[PDB]
Every structure is written in structure tokens, then in C-alpha cells.
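Peer 1: First the structure, then my questions, so here it is.
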Amino acid sequence: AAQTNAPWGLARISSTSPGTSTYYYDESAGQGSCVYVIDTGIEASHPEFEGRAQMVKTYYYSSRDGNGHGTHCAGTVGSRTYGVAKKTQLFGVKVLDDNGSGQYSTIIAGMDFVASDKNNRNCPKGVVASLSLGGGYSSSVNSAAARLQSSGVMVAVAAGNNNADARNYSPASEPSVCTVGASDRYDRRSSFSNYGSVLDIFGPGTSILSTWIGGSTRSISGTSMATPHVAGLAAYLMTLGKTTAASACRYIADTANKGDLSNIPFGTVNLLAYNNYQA
Ligand code: NA
């Protein structure tokens with residue numbers, strides 16, 4: 001299947017060169033998989049989700065996304081027009097407030113919540129969690145991510161937007177999860193993206209068009225945006241039966257486009273997520 005005039009990031013992940021505008025993917029499109037978006041929430045009613053999204057838990061007064069960040073990431077995972085895995089089921093976990101902020105203890109709890117909750121959902125193809133958040137190093141946060149991964153959920157986390165070594169950030173620095181860096185439409189490491197040996201893979205993260213609250217859309221940038229392309233990709237691949245939760249991160253690195261990125265510091269992988277789609 002192909003999506004013509006797609007957002008640049010979707011085209012990039014199904015291509016072997018930058019500057020294309022078509023997103024080629026298998027029609028299964030993630031059907032049967034589930035992706036947890038652990039963020040500000042998701043505006044489930046957005047037409048773009050076509051009834052495939054729902055809030056399952058909030059750590060605040062409302063289960064809603066008063067910010068839009070969560071909605072945006074969610075859309076990159078699996079919205080109709082803007083998503084990687086167009087037929088995936090989405091679940092929202094609101095650990096972030098409407099200002100886009102949250103305490104570690106609540107983030108931890110949201111993670112522990114997903115590892116249990118998945119037990120009562122029908123996700124035949126596998127389960128993915130996308131965490132577009134992070135702060136200063138915390139072995140507790142790290143350990144929460146490791147548990148989530150250990151439970152059988154494919155965990156993808158943002159590397160952080162400090163133009164610094166991700167080893168100093170959490171959950172970015174947790175080795176057992178998939179740490180995602182950002183790139184731009186010219187195949188350059190995004191100027192804000194973190195780097196370092198802890199990174200696993202890069203994805204499109206500068207100028208990413210996606211859903212927004214109020215039934216709108218907008219373009220924003222960050223490792224937050226790249227994260228969902230990888231989470232969406234993992235769901236897609238799981239559905240196809242190419243890989244599993246415990247082995248998605250490695251598989252994506254194994255089949256990525258290699259050495260194509262510029263501005264990559266020595267010691268950081270030069271790998272760009274790629275779906276290897278072939279008609
Ligand atoms: Na890792």
C-alpha cells in the first residue's frame with residue numbers, strides 16, 4: 001500500500017533515500033497490535049484516530065489531553081494520515097499534566113500500570129509502549145522502564161533534547177529499552193537531539209506534522225516526535241511477525257539504513273529506522 005504526499009518522516013522510514021514523498025507500507029498496518037502512549041493523554045475523539053484510541057488511565061483530575069503533546073505522539077504512532085501503523089489500537093496513559101510536566105513517582109506508576117493492564121487487553125500481535133518524556137538520571141525511573149520491557153512490552157523512549165550525552169538522562173539511559181534519537185529531513189542529526197553510546201536508533205524528529213487537540217493538526221519538533229515513529233514501526237513489524245517485543249529494538253537496528261546520517265558524533269550509532277518494505 002502507498003500513501004502519496006505523506007509527511008516527510010513517514011516517507012523517510014520506507015525509503016532508502018531522503019526527499020521522497022510516498023509512504024509505502026504493508027496493508028496489515030499494525031492491525032492486532034497495541035501501543036500505549038504514556039504522555040499528556042490523547043484526544044481519543046479526533047477523527048484521525050477513527051475510533052482506535054482510548055484513554056485507559058489518568059493520574060490527574062481529567063483523563064484528557066489539555067496540552068496536545070500526547071495527541072501528537074499518538075498520531076505519529078497510528079493516526080490515519082500521520083501515523084506509521086495505521087490500524088493499530090492506541091491506549092492513552094496520562095502521566096503528564098496539561099503543562100507537559102510530571103513527577104517521577106507518577107511516571108513510574110504509569111509504567112507499572114501498563115505492564116499489568118496489558119494482561120486484560122486483546123493484543124494478539126504484541127504490545128508497545130511509547131515514552132516521549134524524560135528528565136535527569138534516576139535509577140528508579142530506569143528500573144521502571146526495565147520492568148516494563150521485561151513484562152513483554154516493547155519499550156521505546158526519547159533520547160532527550162539537550163544536544164548532550166544521553167547517559168545523563170532517564171529513562172533514556174536504561175540499556176534494556178530502545179532509546180531513540182532525532183533526525184531532520186536532510187538526513188542530519190536534529191540540532192537538539194541527544195547522542196551517545198546509549199542511543200539505539202534514530203528516527204524523524206524535526207518538523208513533524210501530526211494530530212493536535214481541538215481536532216487540529218500541527219508540526220513540532222523533538223526526540224518526542226522521533227520516538228513514536230519507532231514505536232509505530234515496532235508495532236507494524238510485530239504484526240507482520242518479523243520480530244517480537246523482546247527483540248524489536250535489535251531487529252530495527254539490524255535492518256536500519258546505515259551510515260546515511262550527518263553530524264553523528266563518534267561513538268553514536270549511525271542508524272535510521274527503515275521498514276524495508278518491498279512490493
Ligand atoms: Na537500549
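Along the chain as shown, the residues are counted starting at 1.
Per the header of the entry, the method used was X-ray crystallography, 1.5 Å.
Using the three backbone atoms N, Cα and C, a Cβ is placed for every residue, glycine included.
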Peer 1: Choosing among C123, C178, which residue does Swiss-Prot name as bonded to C34 by a disulfide?
Peer 2: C123
Peer 1: Could you look at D112, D117, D165, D200 and say which one Swiss-Prot places alongside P175, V177 in the Ca(2+) 1 site?
Peer 2: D200
Peer 1: Quick one: Cα separation, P175 (Ca(2+) 1 binding site) versus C249 (disulfide bond), in Å?
Peer 2: 11
Peer 1: Which binding-site residues among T16, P175, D200, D260 have CB under 6 Å of ligand 1?
Peer 2: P175, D200
Peer 1: Between C-alpha atoms, which of these recorded positions comes nearest to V177 (Ca(2+) 1 binding site): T16, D39, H69, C123, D260?
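Peer 2: Going through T16, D39, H69, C123, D260 one by one, the Cα closest to that of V177 (Ca(2+) 1 binding site) is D39.
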Peer 1: Can you grab the distance from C123 (disulfide bond) over to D39 (active site, charge relay system)? Cα atoms, rounded to a whole Å.
Peer 2: 20
